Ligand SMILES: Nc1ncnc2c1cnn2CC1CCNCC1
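Single chain ahead, written as structure tokens, the form solved without the named molecule.
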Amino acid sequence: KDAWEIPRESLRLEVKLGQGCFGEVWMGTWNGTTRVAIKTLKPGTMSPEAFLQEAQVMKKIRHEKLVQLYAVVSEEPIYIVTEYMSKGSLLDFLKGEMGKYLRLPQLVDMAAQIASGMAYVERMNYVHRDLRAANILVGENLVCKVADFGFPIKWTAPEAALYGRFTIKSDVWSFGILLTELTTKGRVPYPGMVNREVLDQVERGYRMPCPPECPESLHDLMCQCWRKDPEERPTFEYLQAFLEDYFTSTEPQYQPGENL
């Protein structure tokens, strides 16, 4: 068979983490030695080939900043085993207990990691389509990886949302929206504004203001990610290097604040 396939005995579903339209998410043990994240498919709510798509994708993929696929059960009921991320989504991590202590240096580090994962995605000429906090997983030691790689109007670039023009450059746009989530502790972009207002206004050239206590150089970085011309936007290789050198090359004067 495929090198991925594993016996059904080698999987233990210990703790339920979520339940969606097409299956469940569990933490468990693989081979009674390896803690893992296990995703399930509900027969009769999804096509086997349809769900077993994002899996065939993560087969070619392999980066330290991308959630790693471990194994599969291609026969129904389906099971998809990946590396376990202990902190859940970046969104929950940012909103909950841990949030209150996260500072600018840590949030910029997490951004640098994600940009590193998207930089690999960039080199492989791939597109994500849903880059946001809800889809970034956190692990031990403030580690962050990209996931779910196979309407978010407030996250989607105008060209993609309107004309379905989805590229790595519309991924960069979503990255700028991801930058606000990190700097506002996981608050929904364009607060007070519905989906309809966002489409009109972004099209009018409106962009989210500098978040409270956020350096203008970082908000400046966001505005580069939000250039209406897809090709005007920066690359994830730039973004990555700009964030990794941030507190030396960009903001050497940094001093801790109340929230950031």
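Note that residue numbering follows the sequence shown and begins at 1.
Note that the form solved in complex with the named molecule isn't included here; everything after this is about it.
Only one of 154-162, 81-89, 184-192, 104-112 places residue heavy atoms within 4.5 angstroms of the named molecule in the deposited complex, namely 81-89. The contact with the named molecule in the deposited complex, taken as any heavy atom within 4.5 Å, belongs to 137 out of 177, 73, 137, 94.
Of the candidates 37, 221, 202, 214, 37 is the one whose heavy atoms come within 4.5 Å of the named molecule in the deposited complex; the others do not. Of the heavy atoms in residue 25, some are within 4.5 Å of the named molecule in the deposited complex.
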